[PDB]
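What follows is a single structure, written as structure tokens, with notes after it.
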Amino acid sequence: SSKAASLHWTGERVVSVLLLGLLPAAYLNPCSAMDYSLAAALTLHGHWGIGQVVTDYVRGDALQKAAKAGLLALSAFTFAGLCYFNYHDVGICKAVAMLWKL
Amino acid sequence: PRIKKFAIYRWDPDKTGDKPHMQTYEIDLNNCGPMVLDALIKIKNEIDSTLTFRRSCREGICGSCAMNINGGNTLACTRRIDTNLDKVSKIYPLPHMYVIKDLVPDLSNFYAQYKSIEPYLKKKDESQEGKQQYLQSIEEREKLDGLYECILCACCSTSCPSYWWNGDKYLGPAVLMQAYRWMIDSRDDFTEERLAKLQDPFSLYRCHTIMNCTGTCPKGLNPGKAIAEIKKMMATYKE
Amino acid sequence: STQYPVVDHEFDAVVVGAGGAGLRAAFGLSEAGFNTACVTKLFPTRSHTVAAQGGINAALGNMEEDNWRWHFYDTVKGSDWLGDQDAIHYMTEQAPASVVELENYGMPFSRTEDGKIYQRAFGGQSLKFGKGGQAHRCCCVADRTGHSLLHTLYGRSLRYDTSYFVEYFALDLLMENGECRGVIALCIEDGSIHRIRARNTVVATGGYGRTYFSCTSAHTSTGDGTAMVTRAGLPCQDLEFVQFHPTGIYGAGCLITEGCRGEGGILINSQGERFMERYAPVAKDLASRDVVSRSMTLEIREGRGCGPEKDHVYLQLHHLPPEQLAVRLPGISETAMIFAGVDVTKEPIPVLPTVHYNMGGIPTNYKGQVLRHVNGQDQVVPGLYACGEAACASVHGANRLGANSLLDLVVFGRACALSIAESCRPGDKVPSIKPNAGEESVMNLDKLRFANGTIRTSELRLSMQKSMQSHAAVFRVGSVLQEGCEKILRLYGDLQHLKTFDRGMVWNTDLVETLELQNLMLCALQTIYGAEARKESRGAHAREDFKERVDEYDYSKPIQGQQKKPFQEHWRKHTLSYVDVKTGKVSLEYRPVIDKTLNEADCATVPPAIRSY
Amino acid sequence: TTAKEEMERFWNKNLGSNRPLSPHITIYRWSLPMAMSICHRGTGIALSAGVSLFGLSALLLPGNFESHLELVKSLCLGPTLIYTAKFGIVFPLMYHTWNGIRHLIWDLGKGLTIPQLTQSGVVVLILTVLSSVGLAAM
Ligand SMILES: *Cc1cc2c(cc1C)nc1c(=O)[nH]c(=O)nc-1n2C[C@H](O)[C@H](O)[C@H](O)COP(=O)(O)OP(=O)(O)OC[C@H]1O[C@@H](n2cnc3c(N)ncnc32)[C@H](O)[C@@H]1O
Ligand code: HEM
Ligand SMILES: O=C(Nc1ccccc1)c1ccccc1[N+](=O)[O-]
Ligand code: SF4
Ligand code: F3S
Ligand code: FES
């Protein structure tokens, strides 16, 4: 017997304490390596977060398959978009600092 | 001569496309008992006997008269009427349930969920049962306090929004707390396989700590905390 | 009649009732391999055993060393020698075995330091055949023993293929040539009528406290099985014996357990006197249920009341430690606050003797078999059984011993199962029913549904309840009882004069409460007539005209220097009551109590003696 | 009859009937915890949508971030407006963060009495207001 629903729940809490720890950490030292881990933690927690909203409200099977696929596509596009911003542009950290000094 | 107004939900399935509507009853409080059930019984006996509802012990022990009084899910024989005459008591059937007639909801699925957790002792060796009393320490007995008292009134599960949206697949606080009751009963041997029955996204994990359950429990119990205790056990147990 | 959908069901056994007794019988049968239906008008949990508080009696000897024969003696002495000592043997011997079975199912009994089931002192119980002080043998789950009993019993019953007909009102017994064939029953959910036929039928419908205006029992305790029996022409035993529990809330009549008095609790009157020392010296405020209530009632008559009317007494818990009140009695802690607004540790509780238990009921073996009285001798009704409060094996006789009812439920519920088990085998021919059988019940169902009369159900129920409360109270006299009899017989003639309003099929509570009223009347009518007929002061039945206890011998003075009174003259006998349903005539006859035990060498017969605690 | 069969017969019976569902959100007693869960969901959806809009438009729309700020400079840099725009972004974040910690405390099994929900429920609101007005000044 495999326990998959329990590990998924534990996974949700692990990324949460990270995302909690990372927001002051990113303020403390806003480096490049922080930008990527910040992008990865945001996108996962958001994917699992909306993942619940889907399983809570999306009724039946017809829309269930579509909504879990549409969320995945969005997430894949989101994480790739942030890495592109970190690699080719100023990065999340510097972007916030610029946006705030405005 | 003190008069109190009661706004009660009504429906008759034997009235050819009858619409669900509110009906008002006015009652003298001096010739009436303190509790809401005392009022419901009085209007049944004197005003309208078409008012159909569940009742038995009138003691807050059986859990028959569970309904939505003034917003919250409680027992009608336990919640005494607000003496403030300038207010009108609103009585409804238990939230998001199929109405059979008036204040009588369908609890068939509710009970069926309770069957699926197996609320009875399970020993690995049941060949020696019935002979001698199973030993349990005084401290192991205190762990069941707060859990066994549940009368299955279904006030908590009915107050859970997650149980509204997912009544089919989610078990709800009432049943879950009982599944936990048998988890921490030192006499039960099937503690691991009881947890493994919840290894799906719906049975346990639809709880989101909305805490409506504990808030509404007429017995003063804390199902939500017990649900949080299952979640901890589910991630910690090995094999 | 021809407008009703009828669905026939075929089973091996039928258990009418999902109480404690009903459940143990139900899954006990399924365990034996019988296809068993269980017909119940409530969900099994809602049944009135849930409300039980005190505990269950067993001589397991967990506090001090005990023996079951000492428990046997206390019950027969408690019964005022109207108890059938063959049934009391079987019950008290099974007592330890039946409680262990329940704990092994998963009943969360309170615990000792040793880790065993916590037993408590309870009213009427003694050590060493009434010589060695107070007995501690009341097994309990804190204050919610009946609640836990029923839940773990129900819990366990899900392990078998027992077909539960939940929220089905049983109307009458399917009877053919003096032999029970099943039950005809109304399905409340959709108004349909079902013929559930079975080779054996177990009746466990519990008591009928709703005959009186002041009772501890639920709204549903309306003695329905007892009525289905009397509608079949079969007798009902010892119905005049109604137990008045000493301690009950002044308001709605809710129970405050006898466990309060077994945990050091004291019963205090108007002046502040511990009056249960002026009446009972030896056992004191922990005496038999009928003796305490007798003292309580004959204290208010003196003018020693409490409230704004001066009509009740006090049970004081001001002195007991707060930690003991929380651990041992948390149930009455809340209900005293909820119903009376009373803090249990700072204030006393306003109590009153109120109707509690019906030791009378359907005549029964030690085997659970329903008995008919033919030729002045006892005869077993084929395929019909009764256990629990609805029954009368007269384990309790003239007065029930405290915490013995939950025991009765388990022991005889099990016995009913075993009687069938070692009688026939599952798959034996289920006797064929007539194509018309049960017309009368549906005929009754139809006219009560459309009853456009003149007397509303509510008013007739109240007229009966108040008349029962005024004429057959704790103390009763031939003058008042006679006016009561004429009053109840008058109200029976009003059953065609009744007005009903609800005319639907689905969940017609107006109809079933009226159906309950028919059943309640038949039970009340038999209770009142037998009470006026009985001319003695035995157990809970106390005639002020006849203050003495009338036995075959005068048992106060030495035996054998006397000529034995014939069965015609003495009153140490069971009251068998019949009622001609048409006119409400109560014709009644009598059968002798059983004195012989199941094995003299193992359990000596206890002959009548002087009885006062 | 099994537990699974009872559920099939519950749904077949009720859905193929004229029975109505009893009112739920229409009537139920509004409480602070229940409302504070909706807001945690509300903020969760909004923030993840905000994160996505940022990543997606950084992959589709032309121009770099430095240029994207410059066009949102020449539109009157109002102290009454720029503060408010910046406050309306930091506010949903702070609420979800503060109530997020409360969820993680709950998951550990602590603070689950009704007095402990109404106390910490206020604290989350107060810590949100102060940190949102505070970070709108850094
Ligand atoms: C009233 C009371 C009794 C009581 C007690 C406290 C109170 C308030 N505390 C007790 C205690 O602490 N220890 C003890 O030994 N006894 C105590 N009692 C007495 C005892 O609880 C009762 O005698 C006992 O509960 C009776 O149980 P039983 O199994 O015999 O029957 P029931 O519990 O009353 O349940 C009745 C069932 O029958 C079904 N029914 C009734 N009529 C019909 C018809 N019309 N058709 C179909 N079914 C019917 C009901 O559905 C119910 O399930
Ligand atoms: C760093 C502070 C944060 C913490 C500590 C945190 C933690 C949590 C927690 C504990 C939950 C509820 C899980 C449950 O139901 O038990 C949650 C929900 C959620 N969060 Fe966050 N989170 C934070 C910030 C964010 C951010 C910035 C986003 C945006 C990308 C986000 C997106 C979501 C989503 C979409 C949900 C689902 C809503 C729900 O199911 O109730 N969170 N978060
Ligand atoms: O529905 C939710 N809120 C809600 C409650 C009552 C009425 C409307 C919405 C809610 C909020 C947070 C987590 C999970 C849920 N849920 O049950 O899906
Ligand atoms: S936990 Fe409380 S609200 Fe829930 S079923 Fe039990 S008594 Fe009812
Ligand atoms: S009301 Fe519902 S969300 Fe969980 S703690 Fe509660 S069961
Ligand atoms: S009716 Fe028994 S709990 Fe309210």
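Just so we're on the same page: first chain in the structure tokens is A, next is B, and so on; residues restart at 1 for each chain, and ligands are numbered from 1 in the order they show up.
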If the cut-off is 7 Å, can you tell me the residues of chain A near chain D, counting only C-alpha atoms? I'd like them as a PyMOL selection string.
chain A and resi 46+50+77-78+81-82+85
Selection export as a JSON list (two decimals), in the first residue's frame, atoms kept: C-alpha atoms:
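The result, stored in part.json:
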```
[["chain", "number", "residue", "atom", "x", "y", "z"],
["A", 46, "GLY", "CA", 0.94, 28.44, -6.12],
["A", 50, "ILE", "CA", -4.72, 26.43, -6.79],
["A", 77, "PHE", "CA", 4.60, 28.89, -18.34],
["A", 78, "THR", "CA", 4.89, 30.83, -15.06],
["A", 81, "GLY", "CA", 8.75, 33.06, -17.46],
["A", 82, "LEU", "CA", 10.33, 33.90, -14.10],
["A", 85, "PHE", "CA", 13.29, 37.23, -16.08]]
```
How would you write, as a PyMOL selection string, the set of residues no farther than 10 Å from ligand 5 when counting only C-alpha atoms and all ligand atoms?
(chain B and resi 155-164+170-177+204-216+222-228) or (chain D and resi 34+37+112)
Residues within 6 Å of ligand 1, counting only C-alpha atoms and all ligand atoms: report them as a VMD selection string.
chain C and resid 16 to 22 39 to 42 44 47 to 49 51 to 56 146 168 to 170 204 to 206 216 to 217 224 255 356 388 to 390 403 to 407 409
Between chain C and ligand 6, at 9 Å or less, what are the per-residue closest atom pairs and their distances in Å? Count only C-alpha atoms and all ligand atoms, order by chain and rising residue number, and return it as JSON lines.
```
{"residue": "C:46", "atom": "CA", "partner": "ligand 6", "partner_atom_place_in_ligand_line": "2 (Fe)", "distance": 7.2}
{"residue": "C:51", "atom": "CA", "partner": "ligand 6", "partner_atom_place_in_ligand_line": "2 (Fe)", "distance": 8.6}
{"residue": "C:218", "atom": "CA", "partner": "ligand 6", "partner_atom_place_in_ligand_line": "2 (Fe)", "distance": 7.9}
{"residue": "C:219", "atom": "CA", "partner": "ligand 6", "partner_atom_place_in_ligand_line": "1 (S)", "distance": 8.7}
```
If the cut-off is 7 Å, can you tell me the residues of chain B near chain D, counting only C-alpha atoms? I'd like them as a PDB file with N, CA, C and O atoms, in the first residue's frame.
```pdb
ATOM      1  N   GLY B  71     -29.366  30.704  12.709  1.00  0.00           N
ATOM      2  CA  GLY B  71     -28.079  30.720  12.025  1.00  0.00           C
ATOM      3  C   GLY B  71     -27.218  29.501  12.283  1.00  0.00           C
ATOM      4  O   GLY B  71     -26.634  28.953  11.352  1.00  0.00           O
ATOM      5  N   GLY B  72     -27.137  29.076  13.543  1.00  0.00           N
ATOM      6  CA  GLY B  72     -26.255  27.972  13.941  1.00  0.00           C
ATOM      7  C   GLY B  72     -26.931  26.617  14.073  1.00  0.00           C
ATOM      8  O   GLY B  72     -28.134  26.536  14.340  1.00  0.00           O
ATOM      9  N   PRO B  93     -33.919  23.713   8.513  1.00  0.00           N
ATOM     10  CA  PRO B  93     -33.342  22.372   8.555  1.00  0.00           C
ATOM     11  C   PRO B  93     -31.840  22.451   8.372  1.00  0.00           C
ATOM     12  O   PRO B  93     -31.332  23.475   7.914  1.00  0.00           O
ATOM     13  N   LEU B  94     -31.143  21.374   8.720  1.00  0.00           N
ATOM     14  CA  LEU B  94     -29.686  21.322   8.622  1.00  0.00           C
ATOM     15  C   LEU B  94     -29.167  21.650   7.212  1.00  0.00           C
ATOM     16  O   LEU B  94     -29.515  20.965   6.248  1.00  0.00           O
ATOM     17  N   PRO B  95     -28.351  22.720   7.100  1.00  0.00           N
ATOM     18  CA  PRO B  95     -27.733  23.258   5.882  1.00  0.00           C
ATOM     19  C   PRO B  95     -27.244  22.226   4.864  1.00  0.00           C
ATOM     20  O   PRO B  95     -26.545  21.274   5.223  1.00  0.00           O
ATOM     21  N   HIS B  96     -27.616  22.442   3.602  1.00  0.00           N
ATOM     22  CA  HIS B  96     -27.147  21.651   2.458  1.00  0.00           C
ATOM     23  C   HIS B  96     -27.440  20.154   2.601  1.00  0.00           C
ATOM     24  O   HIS B  96     -26.558  19.310   2.421  1.00  0.00           O
ATOM     25  N   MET B  97     -28.685  19.840   2.943  1.00  0.00           N
ATOM     26  CA  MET B  97     -29.158  18.460   2.992  1.00  0.00           C
ATOM     27  C   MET B  97     -30.449  18.360   2.198  1.00  0.00           C
ATOM     28  O   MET B  97     -31.174  19.349   2.059  1.00  0.00           O
ATOM     29  N   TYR B  98     -30.732  17.172   1.674  1.00  0.00           N
ATOM     30  CA  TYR B  98     -32.003  16.930   1.001  1.00  0.00           C
ATOM     31  C   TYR B  98     -33.137  16.903   2.018  1.00  0.00           C
ATOM     32  O   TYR B  98     -33.094  16.148   2.994  1.00  0.00           O
ATOM     33  N   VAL B  99     -34.133  17.754   1.796  1.00  0.00           N
ATOM     34  CA  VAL B  99     -35.275  17.850   2.695  1.00  0.00           C
ATOM     35  C   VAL B  99     -36.312  16.799   2.320  1.00  0.00           C
ATOM     36  O   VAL B  99     -36.793  16.764   1.189  1.00  0.00           O
ATOM     37  N   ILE B 100     -36.630  15.931   3.274  1.00  0.00           N
ATOM     38  CA  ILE B 100     -37.677  14.935   3.090  1.00  0.00           C
ATOM     39  C   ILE B 100     -39.029  15.630   3.247  1.00  0.00           C
ATOM     40  O   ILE B 100     -39.917  15.480   2.405  1.00  0.00           O
ATOM     41  N   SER B 108     -29.029   9.642   5.498  1.00  0.00           N
ATOM     42  CA  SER B 108     -28.646   8.327   4.966  1.00  0.00           C
ATOM     43  C   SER B 108     -27.173   8.241   4.582  1.00  0.00           C
ATOM     44  O   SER B 108     -26.496   7.274   4.935  1.00  0.00           O
ATOM     45  N   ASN B 109     -26.689   9.248   3.858  1.00  0.00           N
ATOM     46  CA  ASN B 109     -25.281   9.321   3.479  1.00  0.00           C
ATOM     47  C   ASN B 109     -24.399   9.546   4.696  1.00  0.00           C
ATOM     48  O   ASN B 109     -23.311   8.975   4.795  1.00  0.00           O
ATOM     49  N   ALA B 112     -23.994   6.279   6.406  1.00  0.00           N
ATOM     50  CA  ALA B 112     -23.251   5.377   5.530  1.00  0.00           C
ATOM     51  C   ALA B 112     -21.753   5.637   5.613  1.00  0.00           C
ATOM     52  O   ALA B 112     -20.954   4.700   5.564  1.00  0.00           O
ATOM     53  N   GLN B 113     -21.383   6.910   5.742  1.00  0.00           N
ATOM     54  CA  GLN B 113     -19.990   7.308   5.933  1.00  0.00           C
ATOM     55  C   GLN B 113     -19.454   6.780   7.262  1.00  0.00           C
ATOM     56  O   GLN B 113     -18.305   6.342   7.352  1.00  0.00           O
ATOM     57  N   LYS B 115     -20.413   4.104   8.702  1.00  0.00           N
ATOM     58  CA  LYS B 115     -20.221   2.666   8.536  1.00  0.00           C
ATOM     59  C   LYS B 115     -18.867   2.339   7.896  1.00  0.00           C
ATOM     60  O   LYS B 115     -18.268   1.305   8.197  1.00  0.00           O
ATOM     61  N   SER B 116     -18.389   3.231   7.029  1.00  0.00           N
ATOM     62  CA  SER B 116     -17.190   2.974   6.225  1.00  0.00           C
ATOM     63  C   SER B 116     -15.874   3.075   6.998  1.00  0.00           C
ATOM     64  O   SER B 116     -14.829   2.655   6.499  1.00  0.00           O
ATOM     65  N   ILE B 210     -11.586  25.331   8.750  1.00  0.00           N
ATOM     66  CA  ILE B 210     -12.561  26.420   8.737  1.00  0.00           C
ATOM     67  C   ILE B 210     -13.164  26.574  10.140  1.00  0.00           C
ATOM     68  O   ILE B 210     -13.682  27.638  10.492  1.00  0.00           O
ATOM     69  N   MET B 211     -13.079  25.500  10.926  1.00  0.00           N
ATOM     70  CA  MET B 211     -13.443  25.495  12.349  1.00  0.00           C
ATOM     71  C   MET B 211     -14.920  25.753  12.667  1.00  0.00           C
ATOM     72  O   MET B 211     -15.267  25.999  13.826  1.00  0.00           O
ATOM     73  N   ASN B 212     -15.785  25.696  11.657  1.00  0.00           N
ATOM     74  CA  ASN B 212     -17.227  25.798  11.889  1.00  0.00           C
ATOM     75  C   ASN B 212     -17.768  24.639  12.720  1.00  0.00           C
ATOM     76  O   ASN B 212     -18.718  24.808  13.488  1.00  0.00           O
ATOM     77  N   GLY B 215     -17.001  25.051  16.509  1.00  0.00           N
ATOM     78  CA  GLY B 215     -17.793  26.212  16.888  1.00  0.00           C
ATOM     79  C   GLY B 215     -19.259  25.908  17.130  1.00  0.00           C
ATOM     80  O   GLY B 215     -19.870  26.489  18.028  1.00  0.00           O
ATOM     81  N   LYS B 225     -10.001  19.924  16.167  1.00  0.00           N
ATOM     82  CA  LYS B 225      -8.725  19.622  16.815  1.00  0.00           C
ATOM     83  C   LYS B 225      -8.355  18.150  16.635  1.00  0.00           C
ATOM     84  O   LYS B 225      -7.187  17.821  16.393  1.00  0.00           O
ATOM     85  N   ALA B 228      -7.206  17.681  13.111  1.00  0.00           N
ATOM     86  CA  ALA B 228      -5.816  18.138  13.035  1.00  0.00           C
ATOM     87  C   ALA B 228      -4.862  17.097  13.623  1.00  0.00           C
ATOM     88  O   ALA B 228      -3.700  17.001  13.215  1.00  0.00           O
ATOM     89  N   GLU B 229      -5.373  16.319  14.575  1.00  0.00           N
ATOM     90  CA  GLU B 229      -4.606  15.257  15.208  1.00  0.00           C
ATOM     91  C   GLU B 229      -4.453  14.048  14.289  1.00  0.00           C
ATOM     92  O   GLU B 229      -3.459  13.324  14.374  1.00  0.00           O
TER      93      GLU B 229
END
```
Proximity check chain B to chain C, 7 Å, nearest pairs one decimal Å, only C-alpha atoms, as a tab-separated table:
```
residue	atom	partner	partner_atom	distance
B:14	CA	C:504	CA	5.7
B:45	CA	C:458	CA	5.2
B:49	CA	C:510	CA	5.9
B:50	CA	C:502	CA	5.0
B:52	CA	C:509	CA	5.9
B:56	CA	C:219	CA	5.1
B:57	CA	C:218	CA	4.3
B:58	CA	C:218	CA	6.9
B:59	CA	C:254	CA	6.8
B:61	CA	C:51	CA	6.0
B:62	CA	C:46	CA	4.7
B:63	CA	C:46	CA	6.8
B:64	CA	C:46	CA	6.6
B:78	CA	C:338	CA	6.9
B:101	CA	C:507	CA	6.9
B:115	CA	C:158	CA	6.9
B:119	CA	C:155	CA	5.2
B:120	CA	C:155	CA	5.4
B:121	CA	C:106	CA	5.3
B:129	CA	C:104	CA	6.4
B:130	CA	C:101	CA	4.6
B:132	CA	C:100	CA	6.4
B:133	CA	C:100	CA	5.3
B:134	CA	C:104	CA	6.4
B:135	CA	C:115	CA	5.3
B:136	CA	C:115	CA	5.1
B:137	CA	C:115	CA	4.7
B:138	CA	C:111	CA	5.1
B:141	CA	C:111	CA	6.8
```
For chain B versus chain A, which residues have an atom no more than 9 Å away, and what is each residue's nearest atom pair and distance in Å rounded to one decimal, using only C-alpha atoms, chain-then-number order, as CSV?
```
residue,atom,partner,partner_atom,distance
B:162,CA,A:56,CA,7.5
B:165,CA,A:57,CA,6.9
B:166,CA,A:56,CA,7.2
B:196,CA,A:3,CA,7.2
B:198,CA,A:5,CA,8.3
B:199,CA,A:5,CA,5.2
B:200,CA,A:5,CA,5.5
B:201,CA,A:5,CA,6.0
B:202,CA,A:55,CA,8.7
B:205,CA,A:5,CA,8.0
B:206,CA,A:56,CA,7.4
B:231,CA,A:6,CA,8.1
B:234,CA,A:6,CA,6.0
B:235,CA,A:6,CA,5.4
B:239,CA,A:1,CA,8.8
```
Could you name the residues that touch residue 70 in chain A at 12 Å or less, counting only C-alpha atoms, but leaving out those on the same chain fewer than 6 positions away, as an MDAnalysis selection string?
chainID A and resid 47 50:51 54 63:64 76:77
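In this comparison, which uses only C-alpha atoms, the residue of C:124, C:364, C:25, C:164 approaching chain D most closely is C:164.
Between CA of residue 469 in chain C and CA of residue 35 in chain B the separation is 23.6 Å.
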Considering only strand (DSSP E) as DSSP defines it on the backbone, what residues of range 473-533 of chain C qualify? List them as a list in words.
residues 475, 476, 498 and 499 of chain C
Writer output for current selection, C-alpha atoms, as a tab-separated table (two decimals), in the first residue's frame:
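For reference, selection.tsv as written:
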```tsv
chain	number	residue	atom	x	y	z
C	475	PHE	CA	-49.58	6.51	46.80
C	476	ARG	CA	-52.92	5.21	45.50
C	498	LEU	CA	-60.31	12.30	17.47
C	499	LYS	CA	-59.33	14.95	14.91
```
Skipping near chain neighbours, those fewer than 4 positions away, what residues fall within 8 Å of range 21-28 of chain A using only C-alpha atoms, listed as a ChimeraX atom specification?
/A:17,34-35,38,93
Counting only C-alpha atoms, chain C residues within 9 Å of chain D, as a ChimeraX atom specification:
/C:158,161-163
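Counting only C-alpha atoms and comparing D:133, D:126, D:61, D:105, the residue that lies closest to residue 13 in chain A is D:105.
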